[PDB]
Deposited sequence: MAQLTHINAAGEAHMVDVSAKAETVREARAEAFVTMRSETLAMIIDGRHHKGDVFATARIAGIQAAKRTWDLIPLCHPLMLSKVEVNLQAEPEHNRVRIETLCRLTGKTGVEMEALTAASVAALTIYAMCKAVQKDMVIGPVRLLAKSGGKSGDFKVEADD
């Protein structure tokens, strides 16, 4: 891992997104679903937040850090037969938080899949990519 003690101190931020594609009946169960007993979206939200706080433990050369805010948003899209996962991570440090946002969106997607495993076996996860990161200024 590269030294980070030199350039430092600013408000760093990143937003990532992930998708889980599935059948309509599978998506119907999730939606009907929410606000009940074992809400798939709520479980996935929690897992995503725990995952981002463990990013340095999963990616060998990532640097440990204090996240100040982590947000995992889920949205069902019946029109395209899939779930959209949007994440946001923020902190104040020397290094950015792009791996933390991607990691939360990936483990959220993996949790959705885990909970729908018994119904549909051919669900696909992807794509998983960044949306923004702030001398970089990456937006849209």
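Peer 1: No C-alpha coordinates anywhere in a stretch? Then put that deposited-sequence range on the list, in order along the chain.
Peer 2: Absent from the structure are positions 1-14, 149-150, 157-161.
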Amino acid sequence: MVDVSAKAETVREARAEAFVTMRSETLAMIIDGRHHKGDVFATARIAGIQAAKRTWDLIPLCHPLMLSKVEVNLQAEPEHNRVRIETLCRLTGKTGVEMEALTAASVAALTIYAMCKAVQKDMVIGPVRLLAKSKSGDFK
From here on, numbers count along this sequence of modelled residues.
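Peer 1: Highest mean C-alpha temperature factor of the two stretches 103-111 and 24-32, which is it?
Peer 2: Higher mean C-alpha B-factor: 24-32.
Peer 1: For the stretches 34-42 and 80-88, which has the higher mean C-alpha B-factor as given in the deposited record?
Peer 2: Of 80-88 and 34-42, the stretch with the higher C-alpha B-factor average is 34-42.
Peer 1: In this PDB entry, which of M123, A118, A132, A18 has the top CA B-factor?
Peer 2: It is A132.
Peer 1: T95's Cα B-factor: lowest, middle or highest third of the chain?
Peer 2: CA B-factor rank for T95: highest third.
Peer 1: Is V128 in the lowest, middle or highest third of its chain when residues are ranked by C-alpha B-factor?
Peer 2: Lowest third, going by the recorded CA B-factors of the chain.
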